[PDB]
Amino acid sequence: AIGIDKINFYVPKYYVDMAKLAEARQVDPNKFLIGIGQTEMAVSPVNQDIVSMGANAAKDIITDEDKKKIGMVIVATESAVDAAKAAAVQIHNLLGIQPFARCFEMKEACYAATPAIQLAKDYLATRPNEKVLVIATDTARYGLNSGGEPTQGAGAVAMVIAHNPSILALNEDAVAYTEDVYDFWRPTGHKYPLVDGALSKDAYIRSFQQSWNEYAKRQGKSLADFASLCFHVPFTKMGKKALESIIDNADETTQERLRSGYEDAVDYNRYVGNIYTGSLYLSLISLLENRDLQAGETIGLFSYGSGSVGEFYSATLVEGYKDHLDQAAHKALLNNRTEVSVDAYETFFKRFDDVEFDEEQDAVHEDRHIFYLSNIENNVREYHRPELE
């Protein structure tokens, strides 16, 4: 079998409380806490870009041996910093991976990490001793006082795909569905995306229904065959709606199971926000660590990308997977963050726009053990490397 052998995520060291944001936006806190279903929003300091967040997510899961066996490094993102040079090249360099490897970026809104791991699996079919590093990294920025502001987030998820995976085996049953729609897009030149709220909800649910129907038809499967479903989520309230529209015809035993699985799947996302390409895989991490699924059981995953493309596929938990997760490290990562006021968040937000460095405000002295953007000279980004190196 081939699948996810290692998985880990990284989010910046700051966050803003959703109830506080609500107060500053003149709305009932519950609108955010319950309406959209978010509790804390990740805030990006200027010294963390998609390159440093991606490297930080991958550094803890690649060993010296892995550095010699990784044949491809794929970065999925819709928050690129260069129009030509793939961020995968910089991360390949920063992580010290062997030179004979392919590095490139994949793009299609928040759907990109899925074809990356699926194709990584296909690439590995004939290479039992090779591995593939896939990194989903993004900064969901809508703008201050914008309609999507409450759903903002930032982070990166790193996955090592290989034979004899310790966590999840990817099955060969994926089915995608493409339909040209303008629910969310960001033309060249625009700092923030153009959104069509109401329309983005309909497109999202339709893509899911269409992909699931085709999948169920081709595999002769039904919801009852899944221990749990894991979806892409712009915010937890949106994911709940998509689930309810599909399990509307499932048995009661199945509905209780899938509804319960969902809450475990979006646990971590409630404290980070939308991280685009990484949202589905952060939810996957949450599900695996917060729920106690049994080995051999199957999970159904739905990946979505505005524009739009949807894909439904399944994976199977591998025996002993619990021993290969980093639950303590993950809870620690989220708990070790510092809450910032809304005014502070707004200052960070404005500085990120212009990439205005400030060693004091980002408190870089505390980041000795991680990768971070230290400066830009002659249009070249310079990164600080973990002290351990």
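Don't overthink the numbering: it's just position in the shown sequence, from 1.
Q: Take the C-alpha B-factors listed in the entry for 3-11 and for 379-387, compute each mean, and give the stretch with the larger one.
A: Looking at the record's C-alpha B-factors, the answer is 379-387.
Q: Select between 168-176 and 110-118 the stretch whose C-alpha atoms have the higher average B-factor in the entry.
A: Higher mean C-alpha B-factor: 168-176.
Q | Member of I70, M53, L33, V43 with the greatest C-alpha B factor (per the PDB record) | A | If I rank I70, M53, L33, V43 by C-alpha B-factor, first place goes to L33.
Q: Select one of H92, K131, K221, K85: the residue whose C-alpha shows the highest B-factor in the crystal structure entry.
A: Largest recorded C-alpha B-factor: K221.
Q. If you rank every modelled residue in this chain by C-alpha B factor, which third holds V81: lowest, middle or highest?
A. Middle third.
**Q.** Where the record places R259 (Cα B-factor, split into thirds across the chain)
**A.** Middle third, going by the recorded CA B-factors of the chain.
Q.
Ranking the modelled residues of this chain by C-alpha B-factor as given in the entry, is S303 in the lowest, middle or highest third?
A. As the PDB entry reports it, the C-alpha B-factor of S303 lands in the lowest third of its chain.
Q) Lowest, middle or highest third: where is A136 by Cα B-factor in its chain? A) As the PDB entry reports it, the C-alpha B-factor of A136 lands in the lowest third of its chain.
Q. Which third of the chain holds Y182 when residues are ordered by C-alpha B factor: lowest, middle or highest?
A. Its C-alpha B-factor belongs to the highest third of this chain's values.
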